[PDB]
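This report refers to the structure that appears directly beneath it.
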Amino acid sequence: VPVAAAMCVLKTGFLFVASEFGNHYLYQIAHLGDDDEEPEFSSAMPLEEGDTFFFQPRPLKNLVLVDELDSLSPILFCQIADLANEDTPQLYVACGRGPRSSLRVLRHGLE
Amino acid sequence: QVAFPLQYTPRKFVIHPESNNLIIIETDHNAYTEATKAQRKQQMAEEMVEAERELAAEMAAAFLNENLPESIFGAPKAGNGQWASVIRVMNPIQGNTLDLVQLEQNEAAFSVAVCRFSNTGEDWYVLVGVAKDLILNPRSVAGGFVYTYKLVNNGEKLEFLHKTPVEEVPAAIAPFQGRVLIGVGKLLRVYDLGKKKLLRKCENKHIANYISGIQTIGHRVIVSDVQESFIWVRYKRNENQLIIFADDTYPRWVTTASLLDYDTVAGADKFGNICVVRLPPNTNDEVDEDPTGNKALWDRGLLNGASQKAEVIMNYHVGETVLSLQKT
Amino acid sequence: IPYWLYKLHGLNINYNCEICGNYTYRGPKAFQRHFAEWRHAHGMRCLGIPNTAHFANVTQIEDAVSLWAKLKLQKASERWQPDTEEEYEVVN
Amino acid sequence: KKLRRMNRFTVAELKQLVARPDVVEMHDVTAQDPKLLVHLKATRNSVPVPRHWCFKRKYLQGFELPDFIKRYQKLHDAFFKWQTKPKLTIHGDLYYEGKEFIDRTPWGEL
Amino acid sequence: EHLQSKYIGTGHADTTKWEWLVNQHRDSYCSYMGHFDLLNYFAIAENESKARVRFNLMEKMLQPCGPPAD
RNA sequence: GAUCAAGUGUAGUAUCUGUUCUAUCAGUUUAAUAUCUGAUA
Ligand SMILES: [Zn+2]
């Protein structure tokens with residue numbers, strides 16, 4: 001999941017992921033990570049120094065996304081202009097860090 | 001909110017005034033450009049075959065197709081001093097990329113401007129200021145470049161024109177009187193378009209430290225120093241000189257600035273403050289610099305700064321770092 | 001003379017200035033004034049050096065000359081050189 | 001021991017080593033760090049040490065009513081109608097013994 | 001006054017360049033650790049995680065200016 | 001300005017009167033002096 005400032009596991013079976021930057025996520029925990037298609041590493045396994053365990057990153061298996069708190073952190077650049085020929089100027093906001101960066105257009109109003 | 005994805009951390013954008021498209025510069029440290037990202041992937045596949053070899057060939061072919069999205073799995077972290085940067089033209093109505101220039105590995109775009117030049121009249125240009133091999137900490141750099149593109153197809157495509165070398169990061173670019181003002185390190189320079197390269201019409205070396213931003217109004221230029229806050233400069237048009245005429249009385253770690261009026265600047269700093277600084281009434285911008293040396297020897301400024309000082313008319317801790325200010 | 005002026009006031013101490021033709025001025029915070037005095041200002045003229053604050057507290061010829069080399073390089077460098085303006089094909 | 005008091009730059013040497021030779025005083029050479037001292041003396045908004053620090057005498061051993069006062073209602077209006085700011089010294093202008101003897105509308109006015 | 005010694009990072013007439021700058025750097029890194037926005041700025045500028053930025057600052061607290069003068 | 005003696009007063013800080021200061025070097029010391037400690041007359 002995106003790199004987190006904090007994680008909270010709730011008693012009701014949800015993981016809240018307060019993202020370091022950008023939108024925050026609530027996931028339902030669909031499974032407790034008690035599969036075995038993917039191996040479990042251990043401090044008891046023989047290994048060398050400089051040597052390492054390796055795992056495969058793969059799509060969401062134990063978590064299901066259920067809410068996203070749309071978040072402007074960090075705002076890096078902004079222009080307030082009408083670029084749409086609406087009545088009211090929009091805010092063109094340069095947001096996020098790295099591959100979670102976005103340009104966001106803010107209008108005063110409700111979706 | 002409507003959100004349109006970007007590829008690297010966006011540093012600045014500018015609205016092209018006619019077709020209203022955005023020219024965005026995106027730049028990350030610890031990053032691979034897609035060319036380098038592909039080449040890294042190619043060598044790792046070859047190394048995986050040249051570590052059985054039938055299964056290794058399959059795993060290498062699999063890995064070359066294995067292409068997990070950076071937005072989910074993270075952009076792969078290149079080493080210290082490694083940069084990736086792009087210039088994107090984007091429509092603001094729906095965020096379709098109209099054009100996407102990719103810069104070399106370890107080129108980092110820090111500044112952008114859209115402008116016309118007096119010589120070329122109607123023709124539009126995008127100037128992008130680039131650092132080459134910038135290391136942040138301890139700071140060092142292999143100089144920089146300004147890339148010039150001719151905006152074409154109603155501001156939907158960047159036609160590359162020329163790449164002009166500079167001695168240090170061109171950290172700010174500002175269109176000024178049909179010419180471009182570029183701040184390279186501590187040097188403030190006026191550059192004409194030229195044909196094969198930008199031509200340095202004027203230069204000022206009296207700025208105390210690195211230049212972060214450049215605002216302009218009439219013949220006044222407001223320069224944001226990285227630490228020594230605001231310097232007011234006048235361009236003497238006939239005499240071809242950039243003259244410092246006033247400065248602030250405080251250090252400020254300026255992040256961004258906005259002009260409120262001909263005499264007044266709102267500024268923000270790295271320490272979560274906003275300030276407004278104003279030139280006191282009867283501040284004179286009609287000032288000389290001596291052709292022999294007298295105004296750097298006998299005649300002089302105040303407290304080791306300029307002779308005239310700006311008044312801080314407003315101060316406020318916002319509680320959090322501001323990177324944009326706009327009067328609207 | 002009340003001789004506590006010689007000792008306590010420090011008029012015992014003495015210094016030469018080569019720029020002042022080796023002339024001497026006794027006590028320290030008296031001596032310090034000759035950098036604005038005609039012996040010194042004539043010596044600076046005789047070396048082609050303006051008597052700027054930069055040369056206050058400089059009493060020796062080779063120093064004033066070499067400091068005037070370094071300062072002249074610095075003050076040539078610091079400003080705009082319009083001989084180093086750029087013109088199109090490129091010329092300066 | 002006097003030896004370290006000899007192990008110092010000359011004024012010439014300190015004058016040439018620095019970006020700002022005009023801030024170099026006779027005494028500066030005798031500091032524990034003359035290069036840090038001269039650097040701090042050259043900083044862009046920094047205030048010089050009160051000049052009397054080396055004088056043999058103690059600091060000062062060598063009123064008119066403001067016009068609006070001097071000018072019930074009158075006494076209120078001296079403070080709330082016609083009170084002018086006095087001449088104020090700028091930052092760093094320390095007192096010493098001999099000291100005395102395009103549109104241009106302002107944004108955010110009322 | 002004596003009681004100022006209760007407080008680390010104060011100085012006295014024989015405080016050196018190195019002692020003074022080491023206190024400025026240590027105080028700066030502690031300030032960066034506390035100010036969430038100043039920490040945001042460095043994480044974005046380096047393209048590095050806020051947790052690694054904090055760790056790198058803590059590692060820099062030991063010898064922030066290099067070894068003592070001699 | 002430093003320095004020795006004496007009167008007087010206060011919670012504390014001191015005031016006030018009568019003296020000394022006449023040559024160079026070295027050490028101590030100081031921002032530089034000076035004082036101080038030795039040496040040469
Ligand atoms: Zn002289």
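Numbers restart at 1 for each chain; the letters A, B, ... are given by sequence-line order, proteins then strands.
With rounding to the nearest 0.5 Å, the separation of NE2 in C:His54 from CH2 in B:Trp298 is 10.0 Å. Distance check: D:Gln16 CD to C:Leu71 CG gives 8.0 Å after rounding to the nearest 0.5 Å.
Taking atom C1' on both nucleotides, F:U10 is separated from F:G38 by 44 Å, rounded to a whole Å. Rounded to whole Å, the separation between the P atoms of F:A23 and F:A34 comes to 12 Å. With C1' as the reference atom, F:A6 and F:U19 are 12 Å apart, rounded to whole Å. Separation of the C1' atoms belonging to F:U29 and F:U37 is 11 Å when rounded to the nearest angstrom. Taking atom P in both F:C16 and F:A2, one finds a spacing of 15 Å when rounded to whole Å. Atom name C1', nucleotides F:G7 and F:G18: the rounded distance is 11 Å, in whole Å. Straight-line distance between the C1' atoms of F:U13 and F:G9: roughly 12 Å, to the nearest whole Å. For the P atom pair drawn from F:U15 and F:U3, the interatomic distance equals 15 Å after rounding to whole Å.
The phosphate of F:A32 has neither OP1 nor OP2 within less than 4.0 Å of any side-chain N or O from C:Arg26. Between C:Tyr6 and F:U24 there is a side-chain polar atom (N or O) within less than 4.0 angstrom of OP1 or OP2. Proximity of D:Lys2 to the phosphate of F:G27: a side-chain N or O atom is located under 4.0 Å from OP1 or OP2.
Formation of a donor-acceptor pair under 3.5 Å by the E:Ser28 side chain with backbone atoms of E:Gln24 is found in this model. Under the 3.5 Å distance criterion, the side-chain polar atoms of B:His317 are matched with a main-chain donor or acceptor of B:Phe271. In this structure a side-chain-to-backbone donor-acceptor pair under 3.5 Å is missing from B:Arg234 to B:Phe245. No side-chain donor-acceptor contact under 3.5 Å links C:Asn12 to the backbone of C:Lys7.
Of the candidates F:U28, F:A32, F:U24, F:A32 carries the atom nearest the D:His27 side chain, counting heavy atoms from C-beta on. Nearest to the side chain of D:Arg5, among F:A32, F:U35, F:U30, sits F:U30. Side-chain proximity of D:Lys1 to the nucleotides F:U24, F:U28, F:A2 is greatest for F:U28. Here the nucleotide nearest the side chain of C:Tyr3, chosen from F:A31, F:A23, F:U33, is F:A23.
D:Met26 places its CE atom 11 Å from the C1' atom of F:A31, with the value rounded to the nearest Å. Between D:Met6 atom CE and F:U28 atom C1' there is a gap of 12 Å when expressed in whole angstrom units. In this entry the distance linking NE2 of D:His52 with P of F:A32 reads 20 Å, nearest Å. For the pair C:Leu11 CG and F:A32 P, the computed distance is 18 Å after rounding to whole Å. Going from atom CG of C:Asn12 over to atom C1' of F:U24 covers 10 Å, rounded to whole Å. C:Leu8 places its CG atom 8 Å from the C1' atom of F:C21, with the value rounded to the nearest Å. Remark: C1' of F:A31 and CZ of D:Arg8 are 8 Å apart, rounded to the nearest angstrom. Taking atom CZ of D:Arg57 as the reference point, atom P of F:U33 lies 21 Å away to the nearest angstrom.
Here C:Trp4 does not pack flat against the base of F:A2, since the 5.5 angstrom centre distance and 30 degree tilt limits are not both met.
Counting only Watson-Crick and G-U wobble pairs whose two distances sit under 3.5 Å, RNA chain F takes part in these stems of three or more pairs: F:23-27 with F:36-40.
One can find a donor-acceptor pair under 3.5 Å joining the base of F:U33 and the side-chain atoms of D:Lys56.
Contact annotation for C:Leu5: no contact, since no heavy-atom pair falls under 4.0 Å across all strands.
The glycosidic torsion of F:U10 lies more than 90° away from 0, placing the base in the anti range.
Using cut-offs of 30° and 60° on the angle between ring planes, the pair D:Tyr72 and D:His76 is parallel.
With respect to D:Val29, the side-chain contact (heavy atoms from CB on, under 4.5 Å) criterion is satisfied by exactly one of D:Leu14, D:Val24, D:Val38, D:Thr10: D:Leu14.
In F:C16, the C1'-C2'-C3'-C4' torsion is positive, which places the sugar in the north family.
Atom NE2 of B:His206 has more than 12 heavy atoms from other residues, nucleotides or ligands within 6.0 Å.
Remark: F:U33 and F:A34 stack on each other (six-membered ring centres under 5.5 Å, interplanar angle under 30°).
Nearer the 5' end of RNA chain F, as judged by each residue's closest nucleotide, is the contact made by D:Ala31, out of D:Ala31 and C:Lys7.
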